[PDB]
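A.B. asks: Handing you this structure, nothing more for now.
Using ideal geometry, Cβ is built from the backbone for each residue, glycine included, and neighbour counts are taken over all protein chains shown. Quick note: the coordinates plus some simple rules give every number you see, no bench work behind them.
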Amino acid sequence: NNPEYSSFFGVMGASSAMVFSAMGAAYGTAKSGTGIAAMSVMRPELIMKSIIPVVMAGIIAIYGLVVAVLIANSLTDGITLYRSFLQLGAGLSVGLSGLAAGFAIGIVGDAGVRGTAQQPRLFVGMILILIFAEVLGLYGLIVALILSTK
Amino acid sequence: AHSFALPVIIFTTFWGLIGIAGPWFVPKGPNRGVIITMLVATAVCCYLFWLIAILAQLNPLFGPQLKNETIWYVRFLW
Amino acid sequence: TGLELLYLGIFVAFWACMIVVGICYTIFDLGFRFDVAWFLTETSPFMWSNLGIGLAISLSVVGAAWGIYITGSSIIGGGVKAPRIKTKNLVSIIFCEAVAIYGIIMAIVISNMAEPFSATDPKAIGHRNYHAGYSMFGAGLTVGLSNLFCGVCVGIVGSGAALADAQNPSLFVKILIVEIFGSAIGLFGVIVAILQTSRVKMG
Amino acid sequence: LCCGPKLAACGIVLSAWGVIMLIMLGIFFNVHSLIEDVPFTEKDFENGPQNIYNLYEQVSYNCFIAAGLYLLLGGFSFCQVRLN
Amino acid sequence: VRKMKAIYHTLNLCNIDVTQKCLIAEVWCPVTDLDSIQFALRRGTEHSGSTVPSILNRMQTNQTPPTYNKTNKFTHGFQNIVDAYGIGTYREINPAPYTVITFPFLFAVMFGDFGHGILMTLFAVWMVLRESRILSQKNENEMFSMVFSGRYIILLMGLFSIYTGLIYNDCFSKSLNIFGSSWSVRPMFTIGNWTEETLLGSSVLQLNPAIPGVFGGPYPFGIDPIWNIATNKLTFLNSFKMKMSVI
Amino acid sequence: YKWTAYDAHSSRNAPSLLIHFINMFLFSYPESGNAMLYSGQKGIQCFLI
Amino acid sequence: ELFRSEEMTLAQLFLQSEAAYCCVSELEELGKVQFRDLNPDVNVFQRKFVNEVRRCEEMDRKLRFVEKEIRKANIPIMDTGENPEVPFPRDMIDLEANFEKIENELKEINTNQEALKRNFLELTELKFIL
């Protein structure tokens, strides 16, 4: 009674949630590392502070891990399709959301690292702007979670 | 088996007295204003947090969906 | 322009092939072999619904996220000489999250309508389910894209606001009016998405 | 071996965490012989309440073995940080 | 010498009189401090051989002053996270006295984890136990200094996190069994036309019905532990927390 | 109110606070098809907005 | 009753520079008074405290120089107290010079020591050369 291929959409959800999130976090990490390497030469005392954008990106990667695992542990053979599309939506929703988050993380962090070194008063603002992007990424996680019971 | 009325009385009195009478029973040092703020703010936030948790579970529309092994176990556990 | 050349070549070949196949089906007088109704009916409404839901949430955050770093970089750069900027110009980012929130609320309210059908043969089955499916798809798309472009607008405008305020603190308040319009544009998309799903039923 | 007193201290903390948590786990199953209900049950679970009591005792045994290993680890790390 | 320099620096920040080789200086100080200062001034002038009366004249006119917030070893950290956002308006309501509790509470809701709440406090305690050793030492590691300065904030954050985790009954995903779980009476479940359901159960879960006439009664404190092992906790408990956050 | 007013006895088609809140703002007051939390709620919903 | 910021007055005080010296000493250790700049258009040369600050800067640098050499030598000097007494006599200038002499002496000794060290090595070679 189960439409064939019904399990195909579900499996893709778990994969996408992880892959797109890794892409975002990796982008943010790559951007931050570039700014950190350039900044840290003149002000090595800021090396520890400069990691924050990267930790935030790492959170995005976790966001994705949570959905990918939640879906994976929710896969079966006799999937009724309805459930499968919910899982695919959850994967795609958090994936793109984390991807965009990671980009905002990376771009802002790069500028933030340089700005803070030149003007330490900008440190709090740097965290704030990255914080909003992390909150946006969380939404991506939550909606993926909501679908799991619909 | 439990009623809701008793839990509410016990914990409402606890946090209520702390937030209302508490300020009367406080050291007179330079931190008195902070301790009074603590007593009142704590009682209000803590009470409301708990009250929702216990109130929200009254008149439930459904029970838990349990795995087979647990369902059997409970027969001889609770 | 290696990537732009790739994108163009794919775009042109993609549509050029569609033109040849479409016209050929006509030329060889095929019995409407390419049947749009067939595609729409065999394609499960569940995909359309869940796609629109994912779009509503996913596109909206992309917009916000786009604008955030647009204004973030401008603020961080300018703020080196005008640290006052962070005091007021953060509201540009609040508008960006607010655009995401518009879509987020709709994404949840729409998904709350998702139900199973227990349906099989589309023949005389789910007549209403197809309407609701397509409507949910549209409403999700409607708000998603609308918030996407709003978030870009707000970012561009907020960038100018930060650059302006760095040089003249009196300009901040007046400029705020532009971002408000940007937010209103996104709300317009919300109004339509609400109407589109105002009378739907699933299952 | 020295290994560094900073890392010996970390081992001592993990060892204390291990002994405390693992013994607690065995106790909870031993008392409620329970909500967690994670003793590694069989799939072909029959109508035998005694099977839950028996598996719970197995969990306690296994947990105390793990604690015993943390006792050995903590002992070794203890001497390292003290001598360092 | 560093103090000497400090003094001369301050002495530069003055106006030199023409009538007498005297300086006039302006300070912004509350009355409490002004009384203490007058006494301090007598002490100072007495150390100087000239014992000059050194008149300080109060100014009726008020000039937009800096914001002075008295803090202590515990509340200083909370004031700083307020100041990080901005310096409040003169005579503005200071949010910090409310932050001391409000912020830990919001964290405890965000971090409502009983088990980690304990670990979190223990971390803070470690720092406090070395308080005397950390203060009277060199601390070039700014991240360590920051968390040390916030050590009393962290401790409180853990304290409330335990409170909220306890009501949620989650300690590393572990429930807290107070022997009060009476949500349902399984013995009556089987009586309600469920005979040997554990045979079919091998392929099913089966959700416990509401109001069967034999179930009911709240959990004495917090969420009934039974939901911690349910497959639908994700609707029962998720909904409650949704409504709680809004409220 | 919802927590204290309705039991499982009305769990089927139980009133949804999300829908009533939305209908409140929009002044949408269907005559039937959706159970209200309490009699006269429509009047209160309109009044407050 | 809500917590609010403390008052900062606009008061002005007027007194002799000697009494001012002592008072600044007292107020700085007290730590409770926030001063305003009475001459925003006047530079340090214009304030006429530049001689005192310069003296401070020079002795400061000299002390730091010596301190750096002292630190290089790994000396135990606990630097335990007496700091709270904080006197500021004008005789500090003479104290500074005596400390200046130490710097010069120490530099001279190291310079000479290196020179002697070099001579030693050359003579050491000679020992082998013979």
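A.B. asks: Of all residues in the stretch A:29-44 being polar (S, T, N, Q) and surrounded by fewer than 19 Cβ atoms within 10 Å (Cβ to Cβ), which is nearest to the chain's Cα centre (by Cα)?
C.D. replies: Filtering first and then ranking leaves A:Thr34.
A.B. asks: Within the stretch E:31-52, take every residue that is more than 37 Å from the chain's Cα centre (by Cα) and at the interface with chain G (Cβ under 7 Å from one of its Cβ atoms) and give me the one that is surrounded by the most Cβ atoms within 10 Å (Cβ to Cβ).
C.D. replies: E:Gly44
A.B. asks: I need the full set of residues from the stretch E:197-238 which are facing another protein chain (nearest Cβ under 8 Å), within 36 Å of the chain's Cα centre (by Cα) and not in a loop (DSSP other than H, G, I, E, B), in order please.
C.D. replies: Selection gives E:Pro225, E:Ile226, E:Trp227, E:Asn228, E:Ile229, E:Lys233, E:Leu234, E:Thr235, E:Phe236, E:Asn238.
A.B. asks: Kindly evaluate E:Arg130 against the criterion of being surrounded by 13 or more Cβ atoms within 10 Å (Cβ to Cβ) and out of contact with any helix residue (DSSP H, G or I) (no Cβ under 8 Å at 6 or more places or on another chain).
C.D. replies: Yes, satisfied.
A.B. asks: Further question on the same structure: Under 9 Å between Cβ atoms, which residue pairs at least 6 apart in sequence (or on different chains) link something in the stretch E:130-151 that is within 14 Å of chain A (Cβ to nearest Cβ) with a partner that is polar (S, T, N, Q) and not in a loop (DSSP other than H, G, I, E, B)?
C.D. replies: E:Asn139/E:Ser145
A.B. asks: In the stretch G:78-95, how many are assigned to a helix (DSSP H, G or I) and of a type in the set (A, V, I, L, M)?
C.D. replies: Of the residues in that region, 3 qualify.
A.B. asks: Additional query: When the stretch C:31-50 is examined, which residues are found to be of a type outside the set (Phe, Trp, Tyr) and either touching a helix residue (DSSP H, G or I) at 6+ places or on another chain (Cβ under 6 Å) or loosely packed, with under 11 Cβ neighbours inside 10 Å (or both)?
C.D. replies: C:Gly31, C:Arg33, C:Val36, C:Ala37, C:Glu42, C:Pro45, C:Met47, C:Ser49, C:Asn50 - these are the residues of the stretch C:31-50 that are of a type outside the set (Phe, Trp, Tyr) and either touching a helix residue (DSSP H, G or I) at 6+ places or on another chain (Cβ under 6 Å) or loosely packed, with under 11 Cβ neighbours inside 10 Å (or both).
A.B. asks: Also, quick follow-up: Residue pairs, Cβ under 6 Å, 6 or more apart or interchain, first in the stretch E:16-30 and more than 7 Å from chain G (Cβ to nearest Cβ), second among the hydrophobic types (A, V, I, L, M, F, W, C). List them.
C.D. replies: Short answer, once both residue conditions are applied: E:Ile16/E:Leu23.
A.B. asks: Within the stretch C:42-59, identify whether any single residue is out of contact with any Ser or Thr (no Cβ under 6 Å at 6 or more places or on another chain), among the acidic types (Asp, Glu) and within 14 Å of chain A (Cβ to nearest Cβ), and answer yes or no.
C.D. replies: So far as the stretch C:42-59 goes, yes, one or more of its residues are out of contact with any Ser or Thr (no Cβ under 6 Å at 6 or more places or on another chain), among the acidic types (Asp, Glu) and within 14 Å of chain A (Cβ to nearest Cβ).
A.B. asks: Looking at A:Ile47, A:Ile60, A:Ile71, which one is closer than 25 Å to C:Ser74 by Cα and within 19 Å of the chain's Cα centre (by Cα)?
C.D. replies: A:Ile60
A.B. asks: Just a yes or no: is a residue in the stretch G:54-63 farther than 19 Å from E:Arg2 by Cβ and more than 7 Å from chain E (Cβ to nearest Cβ)?
C.D. replies: No; the residues of the stretch G:54-63 include none that is farther than 19 Å from E:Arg2 by Cβ and more than 7 Å from chain E (Cβ to nearest Cβ).
Yes/no matrix, rows are residues, columns are (1) in contact with a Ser or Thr (Cβ under 9 Å, 6 or more places away or on another chain); (2) more than 30 Å from D:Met24 (Cα to Cα); (3) not β-branched (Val, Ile, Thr):
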position	(1), (2), (3)
E:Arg186	no, no, yes
E:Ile223	yes, no, no
E:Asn238	yes, no, yes
E:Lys243	no, yes, yes
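A.B. asks: D:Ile23: within 12 Å of another protein chain (Cβ to nearest Cβ) and either among the aliphatic types (A, V, I, L, M) or under 17 Å from the mean Cα position of the chain (by Cα) (or both), yes or no?
C.D. replies: In short, no.
A.B. asks: Now a separate question. Between a residue in the stretch E:56-72 that is farther than 14 Å from G:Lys32 by Cβ and any residue that is aromatic (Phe, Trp, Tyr) and not in a strand (DSSP E or B), which pairs come within a Cβ distance under 7 Å, given they are 6 or more apart or on different chains?
C.D. replies: Pairs found: E:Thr64/E:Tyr90; E:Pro65/E:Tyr90; E:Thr67/E:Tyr90.
A.B. asks: From (1) facing another protein chain (nearest Cβ under 7 Å); (2) more than 21 Å from B:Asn59 (Cα to Cα); (3) among the hydrophobic types (A, V, I, L, M, F, W, C); (4) in a helix (DSSP H, G or I), pick out the condition that doesn't hold for E:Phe160.
C.D. replies: For E:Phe160, the exception is condition (1).
A.B. asks: Could you pull out the residue among C:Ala132, C:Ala139, C:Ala164 that is part of a helix (DSSP H, G or I), crowded, with 16+ Cβ neighbours inside 10 Å, in contact with a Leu (Cβ under 7 Å, 6 or more places away or on another chain) and small (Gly, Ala, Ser)?
C.D. replies: Result of the check over C:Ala132, C:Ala139, C:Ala164: C:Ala164.
A.B. asks: Please verify whether the stretch E:73-82 includes one or more residues that are within 23 Å of the chain's Cα centre (by Cα) and at the interface with another protein chain (Cβ under 7 Å from one of its Cβ atoms).
C.D. replies: Within the stretch E:73-82, one or more residues are within 23 Å of the chain's Cα centre (by Cα) and at the interface with another protein chain (Cβ under 7 Å from one of its Cβ atoms).
So that you can scan it fast, the table gives a plain yes or no per residue for (1) out of contact with any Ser or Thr (no Cβ under 6 Å at 6 or more places or on another chain); (2) loosely packed, with under 15 Cβ neighbours inside 10 Å; (3) not in a helix (DSSP H, G or I):
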| site | (1), (2), (3) |
| --- | --- |
| B:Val8 | yes, no, no |
| B:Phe14 | yes, yes, no |
| B:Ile36 | yes, no, no |
| B:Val40 | yes, no, no |
| B:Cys45 | yes, no, no |
| B:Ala53 | yes, no, no |
| B:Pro60 | yes, no, yes |
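A.B. asks: Next question, about the same structure. Go through (1) closer than 21 Å to E:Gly216 by Cα; (2) more than 9 Å from every other protein chain (Cβ to nearest Cβ) and name the single condition F:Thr4 misses.
C.D. replies: (2)
A.B. asks: Another one. Restricting the first residue to the stretch E:168-180 and requiring it to be within 8 Å of chain D (Cβ to nearest Cβ) and within 20 Å of B:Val74 (Cβ to Cβ), which pairs with a second residue that is assigned to a helix (DSSP H, G or I) and of a type in the set (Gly, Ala, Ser) meet a Cβ separation below 8 Å and a spacing of at least six or different chains?
C.D. replies: Short answer, once both residue conditions are applied: E:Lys174/E:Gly115.
A.B. asks: Quick test of your reading of the structure: E:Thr67 fulfils all but one of (1) surrounded by 13 or more Cβ atoms within 10 Å (Cβ to Cβ); (2) closer than 14 Å to G:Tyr21 by Cα. Name the failing condition by number.
C.D. replies: With respect to (1) surrounded by 13 or more Cβ atoms within 10 Å (Cβ to Cβ); (2) closer than 14 Å to G:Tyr21 by Cα, E:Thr67 is out only on (2).
A.B. asks: From the set of residues in the stretch B:23-34 that are hydrophobic (A, V, I, L, M, F, W, C) and not in a loop (DSSP other than H, G, I, E, B), which is surrounded by the most Cβ atoms within 10 Å (Cβ to Cβ)?
C.D. replies: Selected residue: B:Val34.
A.B. asks: A further question on this structure: Would you confirm whether or not the stretch B:58-75 contains a residue that is out of contact with any helix residue (DSSP H, G or I) (no Cβ under 8 Å at 6 or more places or on another chain) and more than 8 Å from every other protein chain (Cβ to nearest Cβ)?
C.D. replies: Scanning the stretch B:58-75, I find no residue that is out of contact with any helix residue (DSSP H, G or I) (no Cβ under 8 Å at 6 or more places or on another chain) and more than 8 Å from every other protein chain (Cβ to nearest Cβ), so the answer is no.
A.B. asks: When both residues are 6+ apart or on different chains and their Cβ atoms are under 6 Å apart, which pairs have a first residue that lies in the stretch A:67-88 and is over 17 Å from C:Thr43 (Cα atoms), and a second that is surrounded by fewer than 17 Cβ atoms within 10 Å (Cβ to Cβ)?
C.D. replies: Short answer, once both residue conditions are applied: A:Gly78/A:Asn2.
A.B. asks: Let me ask something additional. Among the numbered conditions (1) under 18 Å from G:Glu28 (Cβ atoms); (2) not in a helix (DSSP H, G or I), tell me where G:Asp60 comes up short.
C.D. replies: Single failed check for G:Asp60: (2).
A.B. asks: For the stretch C:90-100, check the following and say yes or no: at least one residue is out of contact with any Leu (no Cβ under 6 Å at 6 or more places or on another chain), of a type in the set (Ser, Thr, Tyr) and within 7 Å of another protein chain (Cβ to nearest Cβ).
C.D. replies: No: the stretch C:90-100 contains no residue that is out of contact with any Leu (no Cβ under 6 Å at 6 or more places or on another chain), of a type in the set (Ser, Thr, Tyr) and within 7 Å of another protein chain (Cβ to nearest Cβ).
A.B. asks: Pick out, from the stretch E:21-129, the helices (runs of 4 or more DSSP H) lying fully within it that include 3 or more residues that are under 30 Å from B:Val44 (Cβ atoms) and out of contact with any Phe, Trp or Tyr (no Cβ under 6 Å at 6 or more places or on another chain).
C.D. replies: In the stretch E:21-129, E:76-83, E:96-110, E:114-129 are the helices (runs of 4 or more DSSP H) which contain 3 or more residues that are under 30 Å from B:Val44 (Cβ atoms) and out of contact with any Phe, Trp or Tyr (no Cβ under 6 Å at 6 or more places or on another chain).
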